[PDB]
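Taking it in order: structure first as structure tokens, then the write-up.
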Amino acid sequence: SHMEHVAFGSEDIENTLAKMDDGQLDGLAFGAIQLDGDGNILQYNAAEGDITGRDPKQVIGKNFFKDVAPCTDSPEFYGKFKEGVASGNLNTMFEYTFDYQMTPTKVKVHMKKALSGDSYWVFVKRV
Ligand SMILES: *C(=O)/C=C/c1ccc(O)c(Br)c1
């Protein structure tokens with residue numbers, strides 16, 4: 001096996017992904033980003049890089065909302081993220097279109113608080 005057998009949207013996804021280093025995150029079928037509470041990128045997997053074109057190694061440390069993903073700097077994406085950061089229970093799923101310096105690509109996004117401190121998952125798959 002060369003993949004992690006975890007489905008997008010699984011109810012306990014934050015528990016299953018707590019064990020995963022960067023290599024294991026690259027075994028997921030869906031894009032996975034981990035952000036801090038300000039939106040800085042802590043982790044970013046291969047599937048996400050294939051969806052978006054960004055280089056998973058280069059995006060670490062950039063700010064998702066200010067730097068790499070201005071199309072998500074909106075109430076419908078960033079607004080939802082920061083509300084869930086504030087409440088401590090982020091868990092929201094919605095479709096969205098990624099269109100900054102790329103062919104517009106419609107995705108399903110699932111944001112969910114991670115078990116580690118100051119850490120929040122953004123999961124992405126195509127629709
Ligand atoms: C809109 O600006 C979306 C940009 C975007 C979406 C998803 C990822 O992973 C990146 Br780095 C940028």
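Every number in this text was worked out from the coordinates using simple rules, so none of it is lab data. Because the Cβ atoms are built from the backbone with ideal geometry, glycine has one as well, and the counts that use them run over all protein chains shown.
General observations
- Top-ranked residue in region 114-127 [being not in a strand (DSSP E or B) and not polar (S, T, N, Q); ranked as nearest to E76 (Cα to Cα)]: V127
- Residues that are outside any strand (DSSP E or B) and either at positive phi or under 11 Å from the mean Cα position of the chain (by Cα) (or both) within region 83-113 comprise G88, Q101, listed in sequence order.
- Selection within region 28-47 - more than 10 Å from the ligand (Cβ to nearest atom), assigned to a strand (DSSP E or B) and not aliphatic (A, V, I, L, M): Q34, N40, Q43
- Restricting attention to region 56-78, the residues that are in a helix (DSSP H, G or I) and surrounded by 13 or more Cβ atoms within 10 Å (Cβ to Cβ) total 12.
- Scope region 81-114; condition within 12 Å of the ligand (Cβ to nearest atom), among the polar types (S, T, N, Q) and without any contact (Cβ under 8 Å) to a residue 12 or more places away in the chain; matching residues: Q101, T103
- Matching residues in region 66-87 - criterion: being among the hydrophobic types (A, V, I, L, M, F, W, C) and farther than 16 Å from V124 by Cα: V85, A86
Here is a yes/no grid of residues against (1) farther than 26 Å from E11 by Cα; (2) out of contact with any helix residue (DSSP H, G or I) (no Cβ under 8 Å at 6 or more places or on another chain); (3) charged (D, E, K, R):
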| residue | (1), (2), (3) |
| --- | --- |
| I41 | no, no, no |
| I60 | yes, yes, no |
| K80 | no, yes, yes |
| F94 | no, no, no |
| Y100 | yes, no, no |
| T103 | yes, yes, no |
| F123 | no, no, no |
| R126 | no, no, yes |
